[PDB]
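Quick note, the sequences are listed as chains A and B, same order.
One gets the UniProt record's numbering by counting positions in the first sequence from 1 and adding 28 to each.
One gets the UniProt record's numbering by counting positions in the second sequence from 1 and adding 28 to each.
Even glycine gets a Cβ: it sits at the ideal position worked out from N, Cα and C.
One structure is given here, and the rest of the page talks about it.
Protein chains: 2
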Amino acid sequence: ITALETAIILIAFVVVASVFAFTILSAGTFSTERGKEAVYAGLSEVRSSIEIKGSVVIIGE
Amino acid sequence: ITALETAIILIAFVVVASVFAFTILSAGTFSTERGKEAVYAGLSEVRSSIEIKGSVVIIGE
């Protein structure tokens, strides 16, 4: 007797673990993507800049 | 577990540096502009003298 039912719980747990493992794999991929994008965005902002060259001229009507 | 955690803290520190960096850039531009005004202001004052020519005359009522 004891042999047969042990099989059922045996399958039941591995299926749950596999489904959980699949979710972690998908979740981990999204997290890394978000982190990578943040670094690229930060570097772009620091680099961009404008400076004024020469004197300012004003024209009277 | 440690992977998912580390992404969240990592983004937090990058954003803080980005905001701090932006503040420095804007702050530094103001300082340079103010320093430049002083030199032009100083030079203008030195050359703006005036001089008396001739003799002084008084008219009797």
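| query | Are the Cβ atoms of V44 of chain B and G70 of chain A separated by less than 8 angstroms? | reply | no
| said: Measuring straight from C-alpha to C-alpha, what distance separates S46 of chain B and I86 of chain A? | reply: 36 angstroms
| field | Within 9 angstroms of chain B by C-beta, residues of the stretch 56-69 of chain A in sequence order | value | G56, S59, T60, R62, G63, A66, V67 and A69
| said: Considering Cα atoms alone, identify which of A:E73, A:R75 and A:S83 is closest to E61 of chain B. | reply: A:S83
| request: Kindly list, in the order they appear in chain A, the residues whose Cβ is closer than 8 angstroms to that of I39 of chain B. | output: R62, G63 and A66
| Of all the residues that make up the stretch 72-84 of chain A, which are near chain B by a beta-carbon distance shorter than 7 angstroms? | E73, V74 and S77
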